[PDB]
Structures are given as C-alpha cells and as structure tokens.
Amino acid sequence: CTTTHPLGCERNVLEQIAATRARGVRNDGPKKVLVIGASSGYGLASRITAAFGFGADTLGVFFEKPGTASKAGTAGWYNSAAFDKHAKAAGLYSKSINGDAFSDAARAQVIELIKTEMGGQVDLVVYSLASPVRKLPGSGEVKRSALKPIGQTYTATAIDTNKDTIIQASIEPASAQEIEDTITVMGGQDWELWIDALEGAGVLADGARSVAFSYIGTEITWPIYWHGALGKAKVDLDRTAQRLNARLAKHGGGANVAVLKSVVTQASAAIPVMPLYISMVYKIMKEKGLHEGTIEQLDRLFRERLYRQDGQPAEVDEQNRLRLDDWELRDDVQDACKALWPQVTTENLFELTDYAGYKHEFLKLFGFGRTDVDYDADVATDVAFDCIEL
C-alpha cells in the first residue's frame, strides 16, 4: 500500500485510546515513559496504553516521512500526529522525535528532553522491534538483517497477496555474514546503548524498568522466526535483557523481553507464509474468544504483567521472558492450525481462514477500510505536530 489516509489513521488511534480507557484508567503504573519505535504497531499501542491507560507522560522516537500539501506521509506520521493531538487534549506531556533510533543523535536528543521538559527522569523504556537496517554509531558501517533459515532452504505454503492465491514460497539459507549482521541489527546491542546513555546521563528513575518486544510464532515458521538468523539475534536480545535486568535491579528496577502474539504488521506482510498463518490463526482464535490486536496485547502486558494491581511480580518463562503469546500457543489453537494447514488451496482460502480479516487489517494500518470514515471527503496531507526532526 503506497498511500495513507490521515483521518483514518486518527480514527485508528482514537479506537485504541477508547479501548484502553474502557479497561480502566489507572494512576499507579508508569509516569514518565520513553518509547523507542513509537509510531506504529506494538510500539504505538504501548504509547497509548501508557498515556491513556496509565496517564503517563510520553516521549516517542520513530522514523517516518512527513506529509506535504500534495503528498501523503507515512502511516506512522499520521498515527503519531493523532496521538500527539489527543494526548495534549488530555493534558498529558507528549513529545516526539523523527529520526534514526540507532543513532547517537537520537539518544542525545532524548536525554535533553528528559532533562529539560520531563522532570529529569524516565521510569519505563520500551524498545520496539527494531528496523532491519542499522547504521553503526562511530564507524558509520551499515548492517542489514536477513530473515533466512540456517543450514538449509525453507519452504512452506504461502499466499501471494497480490493475487489472493496459494503458492509455495522458499527462502535460501543465511551466510555466516548474514547471521552475524542479523545479530548486530536485531539483537540487543542498540537497546543496551540506550540504557547505557540514559544511565550515564542520570535520567533513569529509581526503579526504572525496560521491556523489549519480541516474537516466536508458530511451528511452521520456526526456521525463520524462532531459529534461523533472526533466532540467533533473539538469543542475543534475550541475553541482553538478562544483563540489563541485573543492572537495573541494582537500582530497584529490571528488564525483560516480552514475547508478543502474531498480529498483522507491515513487515511480515512481505513474507508470504505469514499472511497465511496469521489469517488461519485469527479465524481460530476469534472462534475461541482469544483474539487480540495490538492494543489488547499491550493492555494485557501492562496490566497483567508489568503493573499488576495485586502487586505480584509478572510470570515469566525459563528465560525470564514475559509471554503474551500464551493464548496463541495453546495446544488447542496450534493443533487446529496443524489440522487446517495441509487443506488450504486458492479455492478455499477465504473459507478456511480469516484472509478477509487479514486484508482488512492490512489496509487499516494505512488508515483505509474503516466503516466510520468518509473516504470521499477531502484529505489534508500536511499535518504538523510536536515533533523534532533530527
């Protein structure tokens, strides 16, 4: 999708705001929150849960393209503009930075705003799934991640989303360089640089916590999302989390990876097996009452793991990860997937899966397909908000 609808994006944001408010606005969770990757998907939902679910002041970092009078910007630009407008209306502090989250300049700008505008400290640092290209600070060398298996070719049933057909799709295995570079991009190195910088600047509150988002997914995609090159990066991420946890614990806080569920995203839409699995699991989970989108995931993370009213510590897996893919990875859900997977064809795709839902949710990312938006009305693409351009 090559265009976006600003008002649609605003209504998406308003829908998430309403959803978290409906779960109860709390005042005993985070107060000063930094979200790295704050403009879309899980990052955006985390910002909305923090601000509108917990009344927190927020600073978001993202890389998007601003709109001009004649050309639409990216969805994340309009999402963030909507967030800012409504957060300010709600009397909250809301500031944003548009630029490269991997860069030292982004860290410096964040630190300056925390010191000068936010009261001097943050108590929660959210680290969203990073971009797949990383310019290294100092050297300027650019590393690129690879979503490839290791050791052999990966082949799986998939959807050609341009034709609404079932295909077989294959991915060739990673080189050693691709494995290393994927660790460099999708591992924990930059997350640790952020915590380093914040600590060094004295802007981490006593008790500050950090959470980095991750994903494991289903058995049919294990060779690429759980194992493979990305899997090696996740090992690095998980290792980093436990290192950061010990570090922040010395000051009363902690750190965790939170493994989240499968949801429609721009990134995985490009990987043909994923629209198929997502479509399938959406249908199965909706029937079982277990379906969640980004805002439900983040509300459950905040309310049932990080800031439990019963004051108890969050439950974790063997690697000290928070798991919000708990409902998805139930035997009943996954077994139902296993039963349907071999049956799917072009002729029955829409009937065996929620592929209609997938297509709707994909267009929704960009602000299209809502039932409460007049898409015939004029669109103003030049939208300004409180955002520093690096």
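Heads up: residue numbers just count along the shown sequence, starting at 1.
Mind pulling up the entry and telling me whether 113-121 or 306-314 has the higher mean Cα temperature factor?
Between 306-314 and 113-121, it is 306-314 that shows the higher mean C-alpha B-factor.
If you take the mean CA temperature factor per stretch, which one wins between 380-388 and 4-12?
Result: 380-388.
Using the entry's values, work out which of 180, 172, 292, 192 has the largest Cα B factor.
Checking the PDB record, the top C-alpha B-factor among 180, 172, 292, 192 is at 172.
Name the residue from 228, 252, 275, 200 with the greatest C-alpha temperature factor listed in the entry.
Largest recorded C-alpha B-factor: 252.
Ordered by C-alpha B-factor within the chain, which third holds residue 58? Give me lowest, middle or highest, please.
Within its chain, residue 58 is a lowest-third residue by C-alpha B-factor, going by the deposited values.
Using the B-factors in the PDB entry, rank residue 137's C-alpha atom against the chain and give the third, lowest, middle or highest.
CA B-factor rank for residue 137: middle third.
Within this chain's modelled residues, let me know which third the CA B factor of residue 352 belongs to: lowest, middle or highest.
For residue 352, the deposited C-alpha B-factor lands in the highest third.
Position of residue 68 among the chain's modelled residues by C-alpha B-factor, lowest, middle or highest third:
Tercile = highest for this residue's CA B-factor.
Which third, lowest, middle or highest, does the CA B-factor of residue 43 fall in along this chain?
Answer is lowest: the recorded C-alpha B-factor places it there.
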